[PDB]
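1. show me how the following folds:
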Amino acid sequence: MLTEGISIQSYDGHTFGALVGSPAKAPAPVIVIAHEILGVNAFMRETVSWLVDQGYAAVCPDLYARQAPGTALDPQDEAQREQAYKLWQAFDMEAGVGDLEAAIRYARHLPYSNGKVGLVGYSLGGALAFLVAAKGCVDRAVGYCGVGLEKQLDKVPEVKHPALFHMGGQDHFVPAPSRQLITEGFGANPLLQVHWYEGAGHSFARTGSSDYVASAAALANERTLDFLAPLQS
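-> Residues are numbered from 1 along each chain as shown. Sure, the structure comes next:
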């Protein structure tokens with residue numbers, strides 16, 4: 001689902017839509033949400049609503065619009081999961097970073113913006129959140145369950161603003177050697193935080209997932225909210 005009429009234009013003229021939630025009160029910091037491999041779906045609607053209830057405005061851009069505009073896939077359905085994996089495999093990560101940078105510019109100029117912008121990404125978005133943190137476009141960045149962080153360690157010293165990452169301890173995407181690489185590499189820059197959630201799998205914070213772990217999701221989300229709170233006026 002996207003908000004009718006919202007159109008953000010990117011570095012190369014490509015345009016894309018977004019689901020936008022205005023804040024309960026103006027002004028407010030704006031959080032750009034980078035979605036999972038499933039597009040702007042029920043979990044994104046939930047996340048927008050949650051952040052608005054916590055005192056933010058929220059913008060969730062349609063990152064799959066370079067491939068198929070308005071992708072919104074239900075993880076309960078096999079056929080739609082298969083569609084998600086096909087889109088992810090083909091996804092241009094650098095163009096994704098560019099689109100998020102454009103969404104962040106858009107967010108900063110919203111009429112109720114207090115001047116501060118955060119980014120929260122999940123799954124695909126969690127990996128993009130690290131790449132955007134290394135670019136420096138954003139005041140604070142959070143990534144849940146990003147894949148392939150162990151291949152991006154050269155970017156650790158590029159991060160100049162705070163970024164927080166939540167990672168499952170039983171995430172098959174992040175086996176023990178990868179966890180060790182990320183822990184040691186990210187540990188070198190005190191602007192970064194990486195928390196591991198023992199006994200939690202890849203999609204431990206996604207309500208409805210068979211991976212969901214209420215206690216871990218609760219602790220990760222409390223940490224996210226405490227980390228974003230300094231952006232509030």
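
2. and the strands in this protein?
-> Applying DSSP state E to the chain gives strands spanning 8-9, 15-16, 18-21, 28-34, 57-61, 113-122, 140-144, 163-168, 192-197.

3. direction included, what does the second one pair against?
-> By that I understand strand 15-16. Strand 15-16 sits in its sheet next to strand 8-9 (antiparallel), going by DSSP bridges.

4. go on, the third one?
-> For strand 18-21, the paired strands and their directions (DSSP bridges) are strand 57-61 (antiparallel).

5. what's the angle between the strand it pairs with and strand 113-122?
-> Calculated by axes from the mean of the first three to the mean of the last three Cα atoms, to 10 degrees, strand 57-61 forms an angle of 50 degrees with strand 113-122.

6. so which bits of stretch 54-73 are buried?
-> Buried residues in stretch 54-73, counted by 16 or more other Cβ atoms under 10 Å: 54-66, 71-73. Quick note: C-beta positions are derived from backbone N, CA and C, even for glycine.

7. typo on my end, it should be stretch 132-141
-> 132, 133, 134, 135, 137, 138, 139, 140, 141.

8. go on, stretch 155-175?
-> If you call a residue buried by 16+ other Cβ under 10 Å, then stretch 155-175 has these buried ones: 155-156, 159, 162-171, 173-174.

9. hang on, the earlier thing: just send the buried residues of stretch 132-141 back as JSON lines, with distance to residue 21 too.
-> Output for the buried residues of stretch 132-141, formatted as JSON lines (distance: Cβ to Cβ, whole Å):
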{"residue": "132", "distance to residue 21": "20"}
{"residue": "133", "distance to residue 21": "23"}
{"residue": "134", "distance to residue 21": "27"}
{"residue": "135", "distance to residue 21": "24"}
{"residue": "137", "distance to residue 21": "21"}
{"residue": "138", "distance to residue 21": "18"}
{"residue": "139", "distance to residue 21": "19"}
{"residue": "140", "distance to residue 21": "18"}
{"residue": "141", "distance to residue 21": "19"}
